[PDB]
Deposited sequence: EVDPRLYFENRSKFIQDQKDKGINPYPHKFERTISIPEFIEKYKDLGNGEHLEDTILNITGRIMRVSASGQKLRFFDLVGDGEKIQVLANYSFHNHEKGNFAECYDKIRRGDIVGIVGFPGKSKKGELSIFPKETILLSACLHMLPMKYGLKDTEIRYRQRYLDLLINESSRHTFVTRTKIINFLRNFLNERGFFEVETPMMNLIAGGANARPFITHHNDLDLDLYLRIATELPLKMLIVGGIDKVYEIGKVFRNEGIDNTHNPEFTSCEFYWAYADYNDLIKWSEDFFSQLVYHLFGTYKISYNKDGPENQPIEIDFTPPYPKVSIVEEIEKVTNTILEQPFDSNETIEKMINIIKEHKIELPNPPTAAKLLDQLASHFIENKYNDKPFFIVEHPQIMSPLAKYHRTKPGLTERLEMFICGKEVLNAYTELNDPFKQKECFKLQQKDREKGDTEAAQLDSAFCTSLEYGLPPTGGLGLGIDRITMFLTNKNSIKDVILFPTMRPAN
């Protein structure tokens, strides 16, 4: 019974206290970490002892096994054995049995001792003195607990640490990749008067002193472009954005994105950037371009994803048309075209979007016909209609379309990029269209950001911009089917 175990440990602490002992000492000066210990002494011979090498080492006890006490000691994801021998015990410090009888699995300890190997060749610390540094009062397990008590996940599941180490490696790699190419990292506000730069529902909060409602950012696009106007010609931000919508395996309402803006680049530069970056990232982590991924569960058959460039480009209107044996004529929001798309939707028994605006219909069609086209490789969906893409520049040869690219891995979007719309005339127009779409009941529609439009009037150079979803990328590169598995503290309802 856990409750009783805990009661007993609490009374152990209190009893230690009454008897004038400090069960939470302030400082233990260790001389070596456990990984460093393993590195330095793993070449010892069986039974060999370095008894004149006195070391101070700390760690968490994870195993407890009568003049010979055995323990497993863990630190920084690595483990050594603790071999307490009566014959080595410093008797001046207290009773051997009393000392080691008190130790429980989970306890954090400080050890003064020497390095050796057991006769069986197990690398070990041989204590002359062991000190309790911090007691574990519950029973450590030997579920939702992983997400609510991530510290348990990290202590017991060795794979957890590796997953988050990989996450941090991915972000380090991205930062270095951008910095080596002359990009300048900035911070832009997380609280805005207006939430823009994407089509999503915002979080709203309130500043008391200004008596002002503020929106948490849904993207970093607009202030970054404003910085390009300011002459920071290669600029980027890695940080949190917030989207007030439901939780599922590929959606957390706060997630980490990276956006960069690259003056004098366009669509083609961005496609090349994407292929270079993903192929190089994957090679950096694996030394190969092919990884395996369990798209449908940890014990079902994995598929192989090949990150060898180049990647397929699939124009969205043309592909929808081709797989529906239909023709979707412009204006895409004409009665005939809207009717046609609605009919395609109802015919294939897929959810009719509410409201059924042209953009929402197109997006639904793409979702159901295109986005799962390839699973064995990343691919781009390209040349999105202008009505789906209010911030992307019109396509230089294809009326009605834009110079946009979205990259997908196993049917999930991880990347969105385009040649940037930089004519303020056209931008105000796009904002008007977006708003009349909000008037139809579309609550994810873009609102007019006058500060941003004003900045366009001062001259935005031709520019290419790109956004990455760090969490989804991490999912694919650590073999997780749920985004909860790559965020340390995913958003959950109180227990």
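- No alpha-carbon coordinates exist for the deposited sequence positions 1 to 2, 68 to 70, 148 to 153, 507, given here in order along the chain.
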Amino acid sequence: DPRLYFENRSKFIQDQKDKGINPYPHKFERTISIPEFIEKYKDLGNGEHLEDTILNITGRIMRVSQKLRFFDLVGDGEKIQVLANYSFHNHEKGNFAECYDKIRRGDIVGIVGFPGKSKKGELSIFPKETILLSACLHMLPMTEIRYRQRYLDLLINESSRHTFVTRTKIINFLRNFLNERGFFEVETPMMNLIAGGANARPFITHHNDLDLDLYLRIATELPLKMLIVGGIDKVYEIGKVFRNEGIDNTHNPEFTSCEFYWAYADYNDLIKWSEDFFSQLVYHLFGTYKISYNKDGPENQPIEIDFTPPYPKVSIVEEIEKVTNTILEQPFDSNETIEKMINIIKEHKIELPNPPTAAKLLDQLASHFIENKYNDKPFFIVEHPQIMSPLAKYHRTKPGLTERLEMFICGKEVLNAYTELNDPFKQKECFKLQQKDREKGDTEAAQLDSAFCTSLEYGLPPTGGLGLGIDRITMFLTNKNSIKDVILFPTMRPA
From here on, numbers count along this sequence of modelled residues.
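Each form is matched to the other, and the largest set of C-alpha atoms that superpose within 1.5 Å is called the rigid core.
- The segment moving more, judged by mean Cα distance from this form in 8 other deposited structures of this protein after a core overlay, is 66 to 74 among 24 to 32 and 66 to 74.
- Using the rigid core as the fitting frame, the root mean square C-alpha deviation in 8 other deposited structures of this protein is greater for 318 to 326 than for the other of 378 to 386 and 318 to 326.
- Annotation: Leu55 does not belong to the positions left without coordinates in a third of the other compared entries; each one with flanking residues models it.
- Across the other compared structures of the same protein with both neighbouring residues present, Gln427 carries coordinates in every case, with no third of them leaving it out.
- Of the two segments examined, 205 to 213 and 234 to 242, it is 205 to 213 that shows the higher average Cα temperature factor in the deposited entry.
- Across the two stretches, 297 to 305 and 283 to 291, the PDB entry reports the greater mean Cα temperature factor for 297 to 305.
- Take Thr454, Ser65, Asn56, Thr463 and read off each C-alpha B-factor from the entry; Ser65 has the highest.
- If you compare the C-alpha temperature factors of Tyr418, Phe277, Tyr394, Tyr374 in the entry, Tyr374 comes out highest.
- Sorting the modelled residues of the chain by their CA temperature factor places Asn22 in the highest third.
- Among all modelled residues in this chain, the alpha-carbon of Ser159 has a temperature factor (C-alpha) in the highest third.
- In this PDB entry, the Cα temperature factor of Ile13 sits in the top third of its chain's modelled residues, the highest group.
- Sort the modelled residues of the chain by CA B factor and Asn172 lands in the lowest third.
- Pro378: CA B factor in the middle third of modelled residues in this chain (values from the PDB entry).
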